[PDB]
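Enquirer: here goes the first bit of my complex:
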Amino acid sequence: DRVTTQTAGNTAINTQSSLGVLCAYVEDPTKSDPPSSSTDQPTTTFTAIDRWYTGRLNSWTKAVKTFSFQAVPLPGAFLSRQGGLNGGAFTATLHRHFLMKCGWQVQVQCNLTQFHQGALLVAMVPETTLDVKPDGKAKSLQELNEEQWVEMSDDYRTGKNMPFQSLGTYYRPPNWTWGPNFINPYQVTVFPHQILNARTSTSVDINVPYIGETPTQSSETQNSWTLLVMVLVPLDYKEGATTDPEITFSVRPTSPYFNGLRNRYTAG
Amino acid sequence: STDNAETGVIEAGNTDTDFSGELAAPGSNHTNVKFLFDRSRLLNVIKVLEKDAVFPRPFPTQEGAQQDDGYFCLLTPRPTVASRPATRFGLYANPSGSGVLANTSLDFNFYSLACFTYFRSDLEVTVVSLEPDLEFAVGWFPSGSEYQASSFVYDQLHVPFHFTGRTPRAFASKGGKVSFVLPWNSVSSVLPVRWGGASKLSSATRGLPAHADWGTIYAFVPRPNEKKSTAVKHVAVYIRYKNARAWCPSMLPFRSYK
Amino acid sequence: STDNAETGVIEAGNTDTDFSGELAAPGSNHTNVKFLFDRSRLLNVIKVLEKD
Amino acid sequence: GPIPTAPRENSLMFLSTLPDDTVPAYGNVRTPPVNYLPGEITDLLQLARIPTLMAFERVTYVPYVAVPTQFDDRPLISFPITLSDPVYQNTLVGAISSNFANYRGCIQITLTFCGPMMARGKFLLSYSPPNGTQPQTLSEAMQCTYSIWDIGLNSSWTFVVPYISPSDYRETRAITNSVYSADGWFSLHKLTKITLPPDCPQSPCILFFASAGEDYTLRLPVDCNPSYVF
Amino acid sequence: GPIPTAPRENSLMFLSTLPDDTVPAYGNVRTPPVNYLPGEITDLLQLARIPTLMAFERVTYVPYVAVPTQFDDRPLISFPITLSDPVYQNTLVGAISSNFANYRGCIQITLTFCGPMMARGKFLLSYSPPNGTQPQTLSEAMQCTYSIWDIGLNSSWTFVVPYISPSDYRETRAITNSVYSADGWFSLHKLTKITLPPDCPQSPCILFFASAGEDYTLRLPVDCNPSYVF
Amino acid sequence: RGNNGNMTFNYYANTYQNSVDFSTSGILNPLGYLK
Amino acid sequence: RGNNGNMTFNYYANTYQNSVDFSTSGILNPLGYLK
């Protein structure tokens, strides 16, 4: 009846105005079986990682144009400490294994009031590469404080700026005009999503199961799911009201598994 | 009818909900995914080998390296360049200047109806000649292998090794056609239409899958090395998915507005 | 696991013998001798007779 | 003894669409199980029946429409009903339909009001079958099929375009405006002006969604257009 | 009357791997019995599951490794796990695997101590899944999967490399070090120095064997490399 | 099933005509649920 | 058995298709035993 409270481990979250919980593809997204591509003893969930982890995004401002977006690669967020996120036990255990698989639960929060106008779209895009710079290297924490909100242009629309394999000098460089990771703004509502606007609610909750091309993926590189936020109607408010609303989100892993124990990972 | 679109789930209705009327009959089921994709189509055009070949080197290749280009074709809907998997489709809008021109390919229909994320299916291949009264053959090897490059001497006549091997080789009569089907042999369970992982643990290129294909194909003339002709020849390759399946929705290309 | 290789006969094991784990499924039987050798291949090249 | 037979005139022909199989080469292969992947798609209608955002011109394109403050009798916005029309171009219904030749069933439209919670107003939605000239006033609009939608607690309102055609099935592209391709117009009318309290932003915005109906159906596949790559 | 039929596009084609027979020419032949020959082989796995000797460099190759007397923290010996690696080249497992494309199951390693009966010592065996850099010290080795083996009455000790892979089946050759070809490293550590009584030879030697596991499996034949003849 | 017209006779065996997944030991349903 | 796809029909007789040995009047078993 618009009041709900979600509990897990030693943490609990509530809301004074809810719209429901969206289950992605199945009746019970939590149910899952151990992987069949490894024969060692796996490591199921323990009570110290059944939690909600919270972080902070950049603030929404009226100067933002339409279809500008922000992205958050789920398994990569912990590893890169984006937006101040820190997993503690989950991060420590993820840094000490070779393989990992798990679903997710996410929720976003905003604090608009009845005197504001605007709308935000929140969706979970699978198998995306919005977190990588055109040169092919992951964005540093300094770049986010400059590109507050990612712009939208024909390059993103057509996937013409994807990661690039240098072709050497024996050939002659061609003209690149299309790629498989394009983004089509008008069709983003295909993925599991909820629409957030000033007049109706202040939070959105989505539940998602595991997906991958193999039963399990490498810990340090898998990027199957990604969180997306996009602007549909630019913000506007009467002069004198509260400005620059804040945004926050929380995440929870479900039915994890691990395999291939080893020492702390180190790049080389 | 009153409803809330913010919930994400909206129940489809009919004319009778708000007005007087009735629902229409089913009709036909031509939208079935299995029935839609079982149709042959052109994939690529390649030359015909007349001697032992040298497989192209990896992409960081500098100038001056000797190899054979445009003789091998990959079996995969994804973009490719220089007989190796790629990530961005290419196009030469100014055919001039130095440098070798890179072969390219793509499956226009498949990516025009690529509404999902993962795919799996068998595949049937066919080849056709583009020259009058030509004799040729076609060879194949599975995903994750390589082409042997050497020859043997019989009666002082060199014979390339690709004549023999325990992986299929087929011959056609004058003006004939070659046809056969292949299984799904990649290590991965499904073929990713779009990907965002990395294969190597470091120095990798994100979004470039390693084994998203069925195999590799090439054509050659059944004659010894001593009969290298003076004119190039070409053939055309046709593929046809069989018993297809899809697994997760996605979005379609962006049709630009003039 | 302790064993003596000098006896010639050694019993094949699995992952579970000394660690926690389980055995894998069979898979396919492409190693069968009868199925392996039934494939054509080149043997020799010879000339064509035009007289006795 | 040999069975005597005579091949027909159609022999050695290669037909792409032939409904039959061919000879195997490398059989006896066994593949990994795929029980672990959820959400298998069985028919593309499952995707055709998901709403998506349309587009309009702000003169250079946006999905929403801004309600003005001036007073005039023309329709606020009106677009034809033809799947090849630009407005449906990027929506899933249009994008999928462009790969076929015929269709049936009822199209569906949805709207959502994203203005301040304190606003109040009413709107009129109408659908006009084909005529010599399209409607241009409320008096004319009232006579056709129409409905009244009022701003309240709930934000969205769905509208269904009935399938009224002189023949079963209809063409999905309009080379010329025969009665079998074009099927009238849709238009939106502002019945009453919006009321807002002092110190609130003006000119609220409204949003559109388009999707297939319950009894929608396609037929007769056709080859696709590759111009997008350029 | 003649049965009318139309041959397909694939006619008069010669396919080496076709799964069917042909016409006989000289039938009705009867051959001697072969009941007297024992030990018929039914599957080549029977031979793949027999241990054999590996090889290393003495700098010019020997199957054993000599235990030094100096003290250092580096692994005594370490080689990768990739069937195309030289160490497995001449062993039966590698030699047979080079003729196929995929594999499953658990590999097996065995050792045997051939030193004087009066010696005593202990060794540590570890297996490290893939990482940015390979292990280089006992502290790191202890964390991975490992076991302790001590010299006693019995001479040999078997070790099993678990099959831990991100996908079913794996490639049997490494054109490039994708996660589907290389699968980490194996290394041996001398936990304690060897103790010998006076007037005994120093630097004992240790021996290696490699074989397939219980649940090993191959798949997808491929043509072989004839370079050995030269 | 599919774009296959024959309904009476099959020459080759199933395991040679098609690929199979090795074992281990109506109206369209909707996608996306709310509770 | 073997790399043979047909499973329904055989035209020629067995003694003409194959050679036979004239009479006189599952899991893999191991090779090499110890007692």
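Expert: Thanks, I have the structure now. Numbers count the residues shown, from 1 in each chain, chains lettered A, B, ... in the order given.

Enquirer: which SS class is the residue lying closest to residue D:25 once chain neighbours are set aside?
Expert: Nearest non-adjacent residue to residue D:25, counting by C-beta to C-beta, 6 or more residues apart in numbering or on different chains: residue B:180, 4.2 Å away. Using the backbone N, CA and C atoms, a C-beta is placed for each residue, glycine as well. When classified by DSSP: H, G, I helix; E, B strand; the rest coil, residue B:180 comes out as strand.

Enquirer: tally of neighbours for residue B:180?
Expert: Neighbour count of residue B:180, defined by other C-beta atoms under 10 Å in any protein chain shown: 22.

Enquirer: what are the neighbouring residues in contact with it?
Expert: In this structure, residue B:180 makes contact with B:124-125, B:168, B:170, D:22-25, E:10, E:15, judged by C-beta atoms under 8 Å, 6 or more residues apart in numbering or on different chains.

Enquirer: okay, and which of those map to strands?
Expert: Residues of the contacts of residue B:180 located in strands (DSSP state E): B:124-125, B:170, E:15.

Enquirer: most neighbours, which of those?
Expert: Highest neighbour count within the ones in strands among the contacts of residue B:180: residue B:125, with 23 neighbours (other C-beta under 10 Å).

Enquirer: tell me what that residue is bridged to.
Expert: Beta-bridge partners recorded for residue B:125 (DSSP bridges): residue B:180, residue B:239.

Enquirer: which residue packs closest to the residue sitting nearest the centre point of chain A, ignoring adjacent ones?
Expert: The structure's chain A has its C-alpha centroid closest to residue A:227; by C-alpha atoms, centre = their mean the separation is 2.4 Å. Sequence neighbours aside, residue A:72 is the residue nearest to residue A:227 in space, at 4.3 Å (criterion: C-beta to C-beta, 6+ apart).

Enquirer: and the strand or helix carrying the one you found, what does it pack onto?
Expert: When elements are assigned from DSSP states H and E, residue A:72 belongs to strand A:69-73. Here strand A:69-73 touches strand A:225-237, going by 3 or more C-beta pairs under 8 Å, 6 or more residues apart in numbering or on different chains; DSSP states H and E.

Enquirer: residue nearest the centroid of chain D?
Expert: Centrality entry for chain D: nearest residue to the mean C-alpha point is residue D:93, 4.3 Å, by C-alpha atoms, centre = their mean.

Enquirer: can you add chain H next? sequence is:
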Amino acid sequence: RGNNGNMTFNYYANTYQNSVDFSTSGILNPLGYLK
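Expert: The block that follows adds chain H to the chains above:
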């Protein structure tokens, strides 16, 4: 029926050989009546 001589065997299925009308839910008779 018609100019069709075969009366024993049909290879392809009916729905692929012919077109069909989807459902909805002797001596010659004369044309033109008087009452």
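
Enquirer: what packs on strand A:69-73 with chain H there, same question as before?
Expert: On a contact count with 3+ C-beta pairs under 8 Å, 6+ apart, strand A:69-73 meets strand A:225-237.

Enquirer: recalculate using a threshold of 10 Å.
Expert: Judged by 3 or more C-beta pairs under 10 Å, 6 or more residues apart in numbering or on different chains; DSSP states H and E, strand A:69-73 is in contact with strand A:116-126, strand A:225-237.

Enquirer: ok, what's across the strand from residue D:195?
Expert: Per DSSP bridges, residues listed as beta-bridge partners of residue D:195: residue D:120.

Enquirer: get me the contact residues on the stretch 1-150 of chain A for chain D.
Expert: Counting by C-beta under 10 Å from any C-beta of the partner chain, the residues of the stretch 1-150 of chain A close to chain D are A:24-26, A:29, A:32-33, A:35-37, A:66-67, A:101, A:113-119, A:121.

Enquirer: filter those residues down to the buried ones.
Expert: A:24-25, A:29, A:32, A:35-37, A:66-67, A:101, A:115-119, A:121 (16 or more other C-beta atoms under 10 Å in any protein chain shown).

Enquirer: out of those, which are close to chain F?
Expert: Within these, those near chain F by C-beta under 10 Å from any C-beta are A:24-25, A:29, A:36.

Enquirer: how about these in CSV, adding distance to residue E:40 and secondary structure?
Expert: Shown next, in CSV, are these (distance: C-beta to C-beta, whole Å; DSSP: H, G, I helix; E, B strand; the rest coil):
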residue, distance to residue E:40, secondary structure
A:24, 55, coil
A:25, 52, coil
A:29, 54, coil
A:36, 35, coil
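
Enquirer: residue A:234: what's it in contact with?
Expert: Residue A:234 makes contacts with A:60-66, A:68, A:117-119, D:62, D:64, D:205, as judged by C-beta atoms under 10 Å, 6 or more residues apart in numbering or on different chains.

Enquirer: report the buried members of these.
Expert: A:60, A:64, A:66, A:68, A:117-119, D:62, D:64, D:205.

Enquirer: for those, which one is nearest chain B?
Expert: Ranked by distance to chain B (C-beta to the nearest C-beta), the buried ones among the contacts of residue A:234 are led by residue A:119 at 9.2 Å.

Enquirer: quick one: contacts for the nearest residue to residue D:104 once chain neighbours are set aside?
Expert: Ranked by C-beta to C-beta, 6+ apart and with sequence neighbours excluded, the top spatial neighbour of residue D:104 is residue D:217, at 4.4 Å. By C-beta under 10 Å, 6+ apart, the contact set of residue D:217 is B:24-31, D:45, D:48, D:100, D:102-105, D:169.
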